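Beneath this line is the structure, given in structure tokens, with notes to follow.
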Amino acid sequence: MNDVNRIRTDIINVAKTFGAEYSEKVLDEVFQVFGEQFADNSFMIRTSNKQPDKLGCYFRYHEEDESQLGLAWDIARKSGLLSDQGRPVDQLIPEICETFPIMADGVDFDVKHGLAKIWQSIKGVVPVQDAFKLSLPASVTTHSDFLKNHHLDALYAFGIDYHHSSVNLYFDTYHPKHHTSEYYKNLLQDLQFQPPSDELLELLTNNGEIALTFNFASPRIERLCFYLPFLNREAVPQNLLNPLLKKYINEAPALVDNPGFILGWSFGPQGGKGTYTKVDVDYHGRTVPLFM
Ligand SMILES: [Mg+2]
């Protein structure tokens, strides 16, 4: 519809305002194949901090319609947008759908490189050990004691990152320690990841997602990400945003007067790669208000 061409226009406007590498050919191939799903589903536009003065630009959508579960993968495979190169990552979505009942799934795209990531959410939570028979990076099982010790063992979602040959596991925050700043401080210390500010630690006690990143090349836990929702531009803690990300909060395109935002804090090895901020605009205004 008009809604589909409006969405592609907004993405190019973002990528050009905030200096993001993009490719109009790849956007065209994606929108031809997924454009309707972007209009008709929970849809978000992401900006991230990975370079000092150049934001990256991403876009994602989230499918809750039970009769549609699985199509994003089939569509992507048929259209050539996702071509399985025999990689270890390539068999995981088939193994996941056989093994667990799926409640939701999603697709993340990069405005220069295309389909980047597909995620699957489980109906219910499972002991993370139930996933050890999947072809996951060996670093999952070799950290099973760490996972138990830090109460990151109520598993409910998989992110399959095809650009990085990595897997993100999402863990439900079931334990009373998950509502205390000290737990997040100690988790990041135990991982020897970059320490967070005190404002962020206090925010983290709120109800958010937590994901851990495992990769097939590395025996270590590579990354950690906390996602937190915010009702509107006012609710965003702007002390934790560099000027370029603060500008995005104020000018990010949406179809609502006061769109909510989902904020993401990535952490990695201290004095190394992996520590940055992600900012997702709730483009339809219905994604964020559906807290847990
Ligand atoms: Mg839908």
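FYI, nothing fancy with the structure tokens labels: chains A, B, ... in order, residues from 1 per chain, ligands from 1 as they appear.
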Can you list every residue of range 104-221 of chain A that has an atom at most 10 Å from range 52-65 of chain A, with its nearest atom pair and the distance in Å to one decimal, using only C-alpha atoms, ordered by chain then number, as JSON lines?
```
{"residue": "A:104", "atom": "CA", "partner": "A:64", "partner_atom": "CA", "distance": 4.9}
{"residue": "A:105", "atom": "CA", "partner": "A:63", "partner_atom": "CA", "distance": 5.5}
{"residue": "A:106", "atom": "CA", "partner": "A:62", "partner_atom": "CA", "distance": 4.4}
{"residue": "A:107", "atom": "CA", "partner": "A:60", "partner_atom": "CA", "distance": 5.6}
{"residue": "A:108", "atom": "CA", "partner": "A:60", "partner_atom": "CA", "distance": 4.3}
{"residue": "A:109", "atom": "CA", "partner": "A:59", "partner_atom": "CA", "distance": 5.3}
{"residue": "A:110", "atom": "CA", "partner": "A:58", "partner_atom": "CA", "distance": 4.7}
{"residue": "A:111", "atom": "CA", "partner": "A:58", "partner_atom": "CA", "distance": 5.8}
{"residue": "A:112", "atom": "CA", "partner": "A:57", "partner_atom": "CA", "distance": 8.5}
{"residue": "A:113", "atom": "CA", "partner": "A:58", "partner_atom": "CA", "distance": 9.8}
{"residue": "A:114", "atom": "CA", "partner": "A:58", "partner_atom": "CA", "distance": 9.1}
{"residue": "A:115", "atom": "CA", "partner": "A:60", "partner_atom": "CA", "distance": 9.5}
{"residue": "A:116", "atom": "CA", "partner": "A:58", "partner_atom": "CA", "distance": 9.1}
{"residue": "A:117", "atom": "CA", "partner": "A:60", "partner_atom": "CA", "distance": 9.0}
{"residue": "A:118", "atom": "CA", "partner": "A:60", "partner_atom": "CA", "distance": 9.3}
{"residue": "A:119", "atom": "CA", "partner": "A:62", "partner_atom": "CA", "distance": 8.8}
{"residue": "A:120", "atom": "CA", "partner": "A:62", "partner_atom": "CA", "distance": 9.7}
{"residue": "A:121", "atom": "CA", "partner": "A:64", "partner_atom": "CA", "distance": 9.7}
```
Problem set entry | Residues within 6 Å of range 171-173 of chain A, only C-alpha atoms, excluding chain neighbours under 4 positions, as an NGL selection string | :A and (152 or 154-155 or 178 or 210)
Restrict the calculation to only C-alpha atoms, then for each residue of range 140-255 of chain A with any atom at most 12 Å from an atom of range 68-82 of chain A give the closest atom pair and their distance in Å to one decimal, rows by chain and rising residue number, as a Markdown table.
```
| residue | atom | partner | partner_atom | distance |
| --- | --- | --- | --- | --- |
| A:160 | CA | A:73 | CA | 11.4 |
| A:161 | CA | A:82 | CA | 11.4 |
| A:162 | CA | A:82 | CA | 8.6 |
| A:163 | CA | A:82 | CA | 10.5 |
```
Using only C-alpha atoms, which protein or nucleic acid residues come within 12 Å of residue 28 in chain A? Drop anything in the same chain fewer than 4 positions from it, and give the result as a PDB file with N, CA, C and O atoms, in the first residue's frame.
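Generated file (selection_5.pdb):
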```
ATOM      1  N   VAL A   4       3.542   0.778   2.620  1.00  0.00           N
ATOM      2  CA  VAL A   4       4.784   0.074   2.324  1.00  0.00           C
ATOM      3  C   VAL A   4       5.829   1.037   1.778  1.00  0.00           C
ATOM      4  O   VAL A   4       6.997   1.007   2.186  1.00  0.00           O
ATOM      5  N   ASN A   5       5.430   1.907   0.847  1.00  0.00           N
ATOM      6  CA  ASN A   5       6.369   2.877   0.297  1.00  0.00           C
ATOM      7  C   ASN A   5       6.727   3.951   1.315  1.00  0.00           C
ATOM      8  O   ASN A   5       7.817   4.535   1.247  1.00  0.00           O
ATOM      9  N   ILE A   7       7.201   3.296   4.465  1.00  0.00           N
ATOM     10  CA  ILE A   7       8.164   2.677   5.372  1.00  0.00           C
ATOM     11  C   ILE A   7       9.562   2.680   4.760  1.00  0.00           C
ATOM     12  O   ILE A   7      10.551   2.987   5.442  1.00  0.00           O
ATOM     13  N   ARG A   8       9.673   2.340   3.471  1.00  0.00           N
ATOM     14  CA  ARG A   8      10.979   2.376   2.824  1.00  0.00           C
ATOM     15  C   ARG A   8      11.525   3.800   2.743  1.00  0.00           C
ATOM     16  O   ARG A   8      12.737   4.014   2.885  1.00  0.00           O
ATOM     17  N   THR A   9      10.652   4.790   2.523  1.00  0.00           N
ATOM     18  CA  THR A   9      11.117   6.171   2.486  1.00  0.00           C
ATOM     19  C   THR A   9      11.723   6.578   3.829  1.00  0.00           C
ATOM     20  O   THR A   9      12.776   7.230   3.877  1.00  0.00           O
ATOM     21  N   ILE A  11      13.166   4.690   6.058  1.00  0.00           N
ATOM     22  CA  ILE A  11      14.435   4.028   6.343  1.00  0.00           C
ATOM     23  C   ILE A  11      15.583   4.747   5.639  1.00  0.00           C
ATOM     24  O   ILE A  11      16.620   5.045   6.249  1.00  0.00           O
ATOM     25  N   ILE A  12      15.410   5.045   4.349  1.00  0.00           N
ATOM     26  CA  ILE A  12      16.444   5.762   3.606  1.00  0.00           C
ATOM     27  C   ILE A  12      16.687   7.143   4.215  1.00  0.00           C
ATOM     28  O   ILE A  12      17.840   7.583   4.346  1.00  0.00           O
ATOM     29  N   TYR A  22      24.217   2.301   3.429  1.00  0.00           N
ATOM     30  CA  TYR A  22      23.029   1.621   2.928  1.00  0.00           C
ATOM     31  C   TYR A  22      23.174   1.340   1.441  1.00  0.00           C
ATOM     32  O   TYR A  22      24.066   1.861   0.760  1.00  0.00           O
ATOM     33  N   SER A  23      22.267   0.497   0.948  1.00  0.00           N
ATOM     34  CA  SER A  23      22.234   0.094  -0.451  1.00  0.00           C
ATOM     35  C   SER A  23      20.779   0.027  -0.885  1.00  0.00           C
ATOM     36  O   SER A  23      19.990  -0.729  -0.310  1.00  0.00           O
ATOM     37  N   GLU A  24      20.430   0.825  -1.896  1.00  0.00           N
ATOM     38  CA  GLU A  24      19.045   0.898  -2.346  1.00  0.00           C
ATOM     39  C   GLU A  24      18.618  -0.386  -3.052  1.00  0.00           C
ATOM     40  O   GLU A  24      17.434  -0.748  -3.019  1.00  0.00           O
ATOM     41  N   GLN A  32      10.366  -5.793  -1.656  1.00  0.00           N
ATOM     42  CA  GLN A  32       9.595  -6.637  -2.562  1.00  0.00           C
ATOM     43  C   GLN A  32       9.081  -7.885  -1.862  1.00  0.00           C
ATOM     44  O   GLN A  32       7.933  -8.295  -2.065  1.00  0.00           O
ATOM     45  N   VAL A  33       9.914  -8.477  -1.007  1.00  0.00           N
ATOM     46  CA  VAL A  33       9.647  -9.788  -0.441  1.00  0.00           C
ATOM     47  C   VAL A  33       8.981  -9.711   0.933  1.00  0.00           C
ATOM     48  O   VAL A  33       8.152 -10.562   1.265  1.00  0.00           O
ATOM     49  N   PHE A  34       9.287  -8.689   1.729  1.00  0.00           N
ATOM     50  CA  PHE A  34       8.773  -8.584   3.091  1.00  0.00           C
ATOM     51  C   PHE A  34       7.937  -7.339   3.328  1.00  0.00           C
ATOM     52  O   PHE A  34       7.386  -7.184   4.430  1.00  0.00           O
ATOM     53  N   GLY A  35       7.821  -6.457   2.327  1.00  0.00           N
ATOM     54  CA  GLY A  35       7.199  -5.163   2.546  1.00  0.00           C
ATOM     55  C   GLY A  35       5.848  -5.261   3.219  1.00  0.00           C
ATOM     56  O   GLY A  35       5.543  -4.492   4.135  1.00  0.00           O
ATOM     57  N   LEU A  81      16.914 -14.277  -0.348  1.00  0.00           N
ATOM     58  CA  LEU A  81      17.434 -13.345   0.653  1.00  0.00           C
ATOM     59  C   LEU A  81      18.192 -14.061   1.763  1.00  0.00           C
ATOM     60  O   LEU A  81      19.151 -13.506   2.310  1.00  0.00           O
ATOM     61  N   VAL A 111      20.469  -2.346   6.465  1.00  0.00           N
ATOM     62  CA  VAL A 111      20.112  -1.545   5.288  1.00  0.00           C
ATOM     63  C   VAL A 111      21.177  -1.561   4.201  1.00  0.00           C
ATOM     64  O   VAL A 111      20.934  -1.042   3.103  1.00  0.00           O
ATOM     65  N   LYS A 112      22.356  -2.111   4.476  1.00  0.00           N
ATOM     66  CA  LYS A 112      23.371  -2.319   3.451  1.00  0.00           C
ATOM     67  C   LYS A 112      23.557  -3.780   3.086  1.00  0.00           C
ATOM     68  O   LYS A 112      23.835  -4.087   1.924  1.00  0.00           O
ATOM     69  N   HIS A 113      23.427  -4.701   4.040  1.00  0.00           N
ATOM     70  CA  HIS A 113      23.746  -6.088   3.764  1.00  0.00           C
ATOM     71  C   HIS A 113      22.524  -6.997   3.650  1.00  0.00           C
ATOM     72  O   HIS A 113      22.662  -8.116   3.147  1.00  0.00           O
ATOM     73  N   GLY A 114      21.337  -6.549   4.076  1.00  0.00           N
ATOM     74  CA  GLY A 114      20.115  -7.339   3.946  1.00  0.00           C
ATOM     75  C   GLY A 114      19.718  -8.160   5.167  1.00  0.00           C
ATOM     76  O   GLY A 114      19.960  -7.766   6.320  1.00  0.00           O
TER      77      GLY A 114
END
```
Problem set entry | 9 Å contact set for range 269-285 of chain A, only C-alpha atoms, chain neighbours under 2 positions out, as an NGL selection string | :A and (7 or 39 or 41-51 or 58-59 or 191-195 or 222-224 or 227 or 240-241 or 245 or 248-249 or 252-267 or 287-289)
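Pairwise distance (CA of residue 15 in chain A, CA of residue 230 in chain A) equals 22.9 Å.
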For this session: May I have all residues of range 169-265 of chain A that DSSP, computed from the backbone, assigns to strand (DSSP E or B), given as a VMD selection string?
Result: chain A and resid 169 to 171 193 209 to 215 223 to 230 261 to 265
Can I get the selected residues back with N, CA, C and O atoms, as a compact mmCIF listing (two decimals), in the first residue's frame?
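Just written: selection-v4.txt:
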```txt
# COMPACT_ATOMS: atom_id res chain seq x y z
N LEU A 169 20.82 -16.23 22.94
CA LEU A 169 19.85 -16.92 23.77
C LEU A 169 19.25 -15.92 24.75
O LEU A 169 19.99 -15.13 25.35
N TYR A 170 17.91 -15.94 24.88
CA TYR A 170 17.18 -15.06 25.78
C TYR A 170 16.70 -15.82 27.01
O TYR A 170 16.20 -16.94 26.92
N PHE A 171 16.83 -15.17 28.17
CA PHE A 171 16.62 -15.82 29.47
C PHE A 171 15.66 -15.01 30.31
O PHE A 171 15.87 -13.81 30.53
N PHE A 193 33.33 -8.07 31.44
CA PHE A 193 32.82 -7.11 30.49
C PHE A 193 32.92 -5.71 31.07
O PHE A 193 33.06 -5.51 32.28
N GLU A 209 14.35 -7.61 28.69
CA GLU A 209 14.95 -8.81 28.13
C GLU A 209 16.45 -8.83 28.39
O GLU A 209 17.10 -7.78 28.51
N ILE A 210 17.01 -10.03 28.51
CA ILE A 210 18.45 -10.22 28.61
C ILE A 210 18.87 -11.35 27.68
O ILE A 210 18.32 -12.46 27.74
N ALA A 211 19.85 -11.07 26.82
CA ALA A 211 20.30 -12.06 25.86
C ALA A 211 21.81 -12.20 25.94
O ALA A 211 22.53 -11.24 26.21
N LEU A 212 22.27 -13.41 25.67
CA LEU A 212 23.68 -13.76 25.68
C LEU A 212 24.05 -14.28 24.30
O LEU A 212 23.27 -14.99 23.67
N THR A 213 25.25 -13.93 23.85
CA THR A 213 25.66 -14.19 22.48
C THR A 213 26.76 -15.23 22.48
O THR A 213 27.78 -15.05 23.15
N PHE A 214 26.55 -16.29 21.74
CA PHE A 214 27.53 -17.33 21.60
C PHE A 214 27.83 -17.42 20.12
O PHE A 214 26.98 -17.14 19.28
N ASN A 215 29.06 -17.78 19.80
CA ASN A 215 29.47 -17.81 18.42
C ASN A 215 30.24 -19.10 18.18
O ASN A 215 30.83 -19.67 19.12
N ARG A 223 29.08 -11.68 24.12
CA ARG A 223 28.31 -10.44 24.27
C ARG A 223 27.14 -10.67 25.20
O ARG A 223 26.63 -11.79 25.34
N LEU A 224 26.63 -9.56 25.70
CA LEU A 224 25.48 -9.53 26.56
C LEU A 224 24.66 -8.31 26.15
O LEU A 224 25.22 -7.26 25.84
N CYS A 225 23.33 -8.45 26.13
CA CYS A 225 22.47 -7.34 25.78
C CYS A 225 21.26 -7.29 26.70
O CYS A 225 20.58 -8.30 26.89
N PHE A 226 20.99 -6.11 27.25
CA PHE A 226 19.75 -5.84 27.96
C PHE A 226 18.85 -4.95 27.11
O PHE A 226 19.29 -3.88 26.66
N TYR A 227 17.61 -5.36 26.91
CA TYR A 227 16.62 -4.52 26.25
C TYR A 227 15.62 -4.02 27.29
O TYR A 227 15.18 -4.79 28.15
N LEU A 228 15.31 -2.73 27.23
CA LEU A 228 14.35 -2.09 28.12
C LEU A 228 13.37 -1.25 27.32
O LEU A 228 13.76 -0.56 26.37
N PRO A 229 12.08 -1.29 27.68
CA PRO A 229 11.08 -0.47 27.00
C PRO A 229 10.88 0.89 27.65
O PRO A 229 11.14 1.08 28.84
N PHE A 230 10.43 1.84 26.84
CA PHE A 230 10.15 3.19 27.30
C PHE A 230 8.94 3.70 26.55
O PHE A 230 8.82 3.51 25.33
N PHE A 261 9.96 3.63 22.66
CA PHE A 261 11.26 3.15 22.22
C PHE A 261 11.64 1.91 23.00
O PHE A 261 11.25 1.74 24.16
N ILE A 262 12.41 1.03 22.36
CA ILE A 262 13.09 -0.06 23.04
C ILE A 262 14.58 0.25 23.01
O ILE A 262 15.17 0.40 21.93
N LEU A 263 15.18 0.36 24.19
CA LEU A 263 16.61 0.65 24.29
C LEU A 263 17.39 -0.61 24.64
O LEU A 263 16.97 -1.42 25.48
N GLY A 264 18.52 -0.78 23.95
CA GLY A 264 19.38 -1.93 24.11
C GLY A 264 20.80 -1.54 24.49
O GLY A 264 21.39 -0.64 23.88
N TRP A 265 21.35 -2.18 25.50
CA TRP A 265 22.74 -1.95 25.87
C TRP A 265 23.48 -3.26 25.65
O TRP A 265 23.22 -4.26 26.33
```
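Here CA of residue 139 in chain A stands at a distance of 14.4 Å from CA of residue 153 in chain A.
Proximity ranking of A:247, A:37, A:3, A:20 relative to ligand 1 places A:37 first, based on only C-alpha atoms and all ligand atoms.
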For this session: Based on DSSP run over this structure's backbone, return all residues of range 21-255 of chain A in helix (DSSP H, G or I), as a ChimeraX atom specification.
Result: /A:24-40,66-68,71-78,88-99,128-131,141-149,176-179,181-190,198-204,233-235,238-240,243-251
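Shortest atom-to-atom contact with ligand 1 among A:207, A:85, A:67, A:232: A:67, counting only C-alpha atoms and all ligand atoms.
Shortest separation to residue 126 in chain A among A:88, A:237, A:101, A:19 occurs at residue A:101, atoms counted being only C-alpha atoms.
Atom pair CA of residue 137 in chain A / CA of residue 158 in chain A: separated by 12.5 Å.
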Exercise. Which residues come within 10 Å of residue 87 in chain A, counting only C-alpha atoms, excluding same-chain residues fewer than 2 positions away, as a PyMOL selection string?
Worked result: chain A and resi 84-85+89-92+162+165+216
Exercise. Taking only C-alpha atoms and all ligand atoms into account, which of A:167, A:103, A:217, A:21 comes nearest ligand 1?
Worked result: A:103
Problem set entry | Who sits within 7 Å of residue 205 in chain A, only C-alpha atoms, same chain under 4 positions skipped, as a ChimeraX atom specification | /A:178-181
Just-selected residues, N, CA and C atoms written as an mmCIF file, in the first residue's frame:
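What landed in again_12.cif:
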```
data_model
loop_
_atom_site.group_PDB
_atom_site.id
_atom_site.type_symbol
_atom_site.label_atom_id
_atom_site.label_comp_id
_atom_site.auth_asym_id
_atom_site.auth_seq_id
_atom_site.Cartn_x
_atom_site.Cartn_y
_atom_site.Cartn_z
ATOM 1 N N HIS A 178 17.341 -10.749 40.018
ATOM 2 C CA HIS A 178 17.179 -10.027 38.751
ATOM 3 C C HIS A 178 16.550 -8.651 38.924
ATOM 4 N N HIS A 179 16.057 -8.327 40.113
ATOM 5 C CA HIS A 179 15.461 -7.029 40.379
ATOM 6 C C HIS A 179 16.346 -6.197 41.301
ATOM 7 N N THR A 180 17.665 -6.426 41.247
ATOM 8 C CA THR A 180 18.645 -5.733 42.078
ATOM 9 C C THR A 180 19.806 -5.264 41.216
ATOM 10 N N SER A 181 20.314 -4.068 41.498
ATOM 11 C CA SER A 181 21.405 -3.563 40.670
ATOM 12 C C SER A 181 22.668 -4.403 40.845
#
```
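Residue nearest ligand 1 within the list A:122, A:135, A:189, A:66: A:66 [criterion: smallest interatomic distance, only C-alpha atoms and all ligand atoms].
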